[PDB]
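Structure provided below as structure tokens; questions to follow.
What follows draws every value from the coordinates through simple rules; no lab data is involved. Ideal geometry is used to build each Cβ from the backbone, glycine not excepted, and the neighbour counts take in all protein chains shown.
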Ligand SMILES: Nc1ncnc2c1ncn2[C@@H]1O[C@H](COP(=O)(O)OP(=O)(O)O)[C@@H](O)[C@H]1O
């Protein structure tokens, strides 16, 4: 229960943070957004792809 | 108790008193007790209790005969409270009230300090319709001339052109922070901790005004030029612009890849054709008006 | 949730009490505790005020004339 | 103590959370000055009354 | 609902006897207040002594009636019915002594009084006696005892109590006082009773407006404190 719910909370937090950090940008490069969120480039790329899809 | 250094105990003892309950005592003495309670609370650093006490004391009573000292002290205490909170516009309103006091008005130095602080706190206050109206009202004060640099700064913050932070500092740092015997510098921008915080806030206000000017005039300013004109590092300028955009203060689209800060809102085809139609209608109306004037001119010089 | 409340106030202390009180009684208890706090010129509600308000609200026998029970 | 605190500082009432202080009552002997109490307390505000 | 409050033997729709409650309320018609405080080794009761006429005889107005040398009573409420109940209580105590030897304990005495009142309330023949009967008296093996036992027929053991117009306020004051465990001494008991009465009535309590009666373990005989003793107790109370 804790694992699943905390994973869902982590997903929600990542979504909110990514949406917050892309509001000013219009063509932000992935490396800068990953650094802003303090996450691996691949993880942010995958999350952004899922969010768009 | 205060004379013995036990400020907390004195504040605790004086807070328990309910001056408003003492209806027998004269109104002036009640207001003095409220002011003393507010001063003790602010000394204890209980700003919430100070705010409650200040709300206890009315403002209409200050329109009386011998309430000059009471008004001065109450407005100084409220200035302290709102300075700790950080609301510069309320501080400016309080200093304007202080500057209106006849005792402050009569003496040259007192009103001069009040007006200097009012101009500085209008400058520091965030841009807004209310703040813009307050600046407009303060600017049209003939007495501002006696303080040249402060009125010059006030005008500079209303002119629609960029002011560079480096140039503004080189021009006004001596006159605004340190002062001179002929320039009685205020404590608003002093060297104390609050002084440095308010100096940084003034720099933030200057950069905000610069960004507003660019958004009004520019359409696509590179990040390098924006940073140069705002007197900030590229990353810091980008962060400030992003913070402004998130709050909805200004519209911008930071294209970090090419360093583009395009300001123009997207031009939907409907709006573009509407602008073209408005231009055509204005042209037609102006052509008719010029034809009417042309007929008049031909008529007169037969 | 809306009330300012305080750290030292543990609502679980009051919840477990065996007294049978309706939701209206709970709302009255909260309002009375807040108003007692405001009367003493305190903007923070503490345990003493909540306990006093709870004791006041729970009291509903009134007279009862002592023999009906 | 009943009509002054709510009027002067609604913020402290809203800060605590308890908004409504309404109610009140002056039960007692008939017409011993009941209206006057609502008049004497009308020293501040109580305009329409 | 309201049509069942004309006979004492008719039950109300919700299960109430309205006439008994009406008599309870009538208790207050006298406009007086009486309080009893049970000390560690003493029982003291103080009642208002109202004389709203210069021609009255203050010696004949006292509400503190001595049922027996060892048992005491203070009648609050209607004067005539209170005096009738006091006479009945004296008869009951005398009969108990004559039939069983040992003096009837206060609890038994006005338990008999309350049983009489209840038998009055059950069979609809007589209006219930609208007068609260507060009993005091030292009982061997049970220390001081004060029992209040009322028209409807309810008697209970009381550490402190009061009957009259200002009963709720006096009982609340006693509850605020009775809780801080302390030496319940004769002087302390009298002082607490007088203080409770003064605060409830909000009066300066001139010596001629109060009447006190105390029963103690050392002297287990009902004694009505004179003006001098009451004044001395009041002066001690003030300081
Ligand atoms: N304590 C008092 N102080 C001043 N006026 C009083 C007082 N008691 C009665 N009055 C007089 O009686 C009138 C008030 O009656 P009121 O109490 O308003 O009756 P009701 O309670 O039926 O409205 C006023 O005209 C007033 O002059």
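Could you run through the stretch B:239-259 and say how many residues are more than 8 Å from every other protein chain (Cβ to nearest Cβ) and surrounded by 14 or more Cβ atoms within 10 Å (Cβ to Cβ)?
Selection size over the stretch B:239-259: 6.
Something else now. Can you name the residue in the stretch C:2-54 that is in contact (Cβ under 8 Å) with a residue 40 or more places away in the chain and within 8 Å of the chain's Cα centre (by Cα) and, of all such residues, is surrounded by the fewest Cβ atoms within 10 Å (Cβ to Cβ)?
C:54
Let me ask another. Considering (1) within 14 Å of chain A (Cβ to nearest Cβ); (2) loosely packed, with under 11 Cβ neighbours inside 10 Å, say which one residue B:298 fails and leave the rest.
It is condition (1) that residue B:298 fails.
Mind checking which pairs have a first residue in the stretch D:13-41 that is at positive phi and a second that is more than 11 Å from the ligand (Cβ to nearest atom), Cβ under 7 Å, 6 or more apart or different chains?
Close Cβ pairs satisfying both conditions: D:17/C:2; D:17/C:3; D:17/C:4; D:17/C:34; D:24/D:2.
Inside the stretch B:106-124, can you point out the residues that are surrounded by 14 or more Cβ atoms within 10 Å (Cβ to Cβ) and free of Cβ contacts under 8 Å to residues at least 60 places away in the same chain?
Within the stretch B:106-124, the first condition is being surrounded by 14 or more Cβ atoms within 10 Å (Cβ to Cβ), and the residues that meet it are B:110-124.
Hits for the stretch B:106-124 are B:110, B:111, B:114, B:115, B:118, B:119, B:122.
Out of all the residues in the stretch B:65-73, is one or more in contact (Cβ under 8 Å) with a residue 60 or more places away in the chain, in a helix (DSSP H, G or I) and within 30 Å of residue B:8 (Cα to Cα)?
no
Further, regarding this structure: Please return the ranges of helices (runs of 4 or more DSSP H) entirely within the stretch B:175-289 where 1 or more residues are without any contact (Cβ under 8 Å) to a residue 40 or more places away in the chain and under 22 Å from the mean Cα position of the chain (by Cα). Don't jump to the end; show me each part of the working.
Numbers: elements: B:193-217, B:223-230, B:234-246.
Those helices (runs of 4 or more DSSP H) span B:193-217, B:234-246.
Report, by residue number, each residue of the stretch E:108-137 that is touching a strand residue (DSSP E or B) at 6+ places or on another chain (Cβ under 7 Å) and in a helix (DSSP H, G or I). Show your work before the answer.
Residues of the stretch E:108-137 that are touching a strand residue (DSSP E or B) at 6+ places or on another chain (Cβ under 7 Å), as a first pass: E:109-111, E:113-114, E:130-137.
Within the stretch E:108-137, E:109, E:110, E:111, E:113, E:114 qualify.
Could you check how many residues of the stretch E:15-50 are part of a helix (DSSP H, G or I) and more than 14 Å from chain C (Cβ to nearest Cβ)? Break it down into steps so the answer makes sense when it comes.
Step one: filter the stretch E:15-50 for residues part of a helix (DSSP H, G or I), giving E:18-30.
Filter once more, keeping what is more than 14 Å from chain C (Cβ to nearest Cβ): E:29-30.
Residues meeting the conditions: 2.
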